[PDB]
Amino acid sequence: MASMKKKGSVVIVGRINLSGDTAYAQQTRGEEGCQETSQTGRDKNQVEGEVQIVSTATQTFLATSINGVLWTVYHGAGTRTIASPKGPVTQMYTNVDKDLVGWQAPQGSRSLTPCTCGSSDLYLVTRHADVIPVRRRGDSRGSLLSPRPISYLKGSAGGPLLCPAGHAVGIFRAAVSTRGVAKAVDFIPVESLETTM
């Protein structure tokens, strides 16, 4: 028991910048700093924007701020704390059944607003900063209008589905693939987030 360790914190290691006419990924922490920060839970880096790239020891994925909470998928983060300026921060919300977790959003981050457009014309934002058009087909599913290999969506879970105006419609959870090609996406709708809150 003396040698028993705690799980590391989730660490913010970059962001998906959607502020211009061009989407792009930025790294803010390399692997050494990520490892250190995961162990201490102390992250003194300034966080900015809506969509963060987060990492554990085994996965790199996305987390999206909506209504002042930084949301991601349970299959990425599990029950982990997130590193912060004040030390490790415990989850505010944990729901394995929805594949959804959330922490209070980092100081200096920006939150997306939930979509009030009633829009079914969506855009998926990926960990590689691709913006992929998606037509919504139900509460929690949409079809890719432009096929991608499923490998191209690796680490996009936790990122947003946006409406044409840039409002949050949902959090990407998982893709449906045929012969390696993603044809549809499953997501956690923003209403489900609101209910959890």
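From 1 onward, residues are counted along the sequence shown.
Look up the CA B-factors in the entry and say which stretch, 51 to 59 or 145 to 153, has the higher mean. Per the deposited B-factors, the answer is 145 to 153.
Mean C-alpha temperature factor, higher of 10 to 18 and 175 to 183: Mean B over CA atoms: larger for 175 to 183.
Of the residues 37, 27, 45, 64, the one carrying the largest Cα B-factor as recorded: 45 has the highest C-alpha B-factor of those listed.
Name the residue from 80, 75, 98, 110 with the greatest C-alpha temperature factor listed in the entry. Largest recorded C-alpha B-factor: 110.
Relative to the other modelled residues of the same chain, rank the CA B-factor of residue 160 and answer lowest, middle or highest third. It falls in the bottom third of the chain.
Quick check on the deposited entry: does the C-alpha B-factor of residue 94 sit in the lowest, middle or highest third of its chain? Within its chain, residue 94 is a lowest-third residue by C-alpha B-factor, going by the deposited values.
Split the chain's modelled residues into thirds by Cα B-factor; is residue 119 in the lowest, middle or highest one? Highest third - that is where residue 119 ends up once the chain's C-alpha B-factors are sorted.
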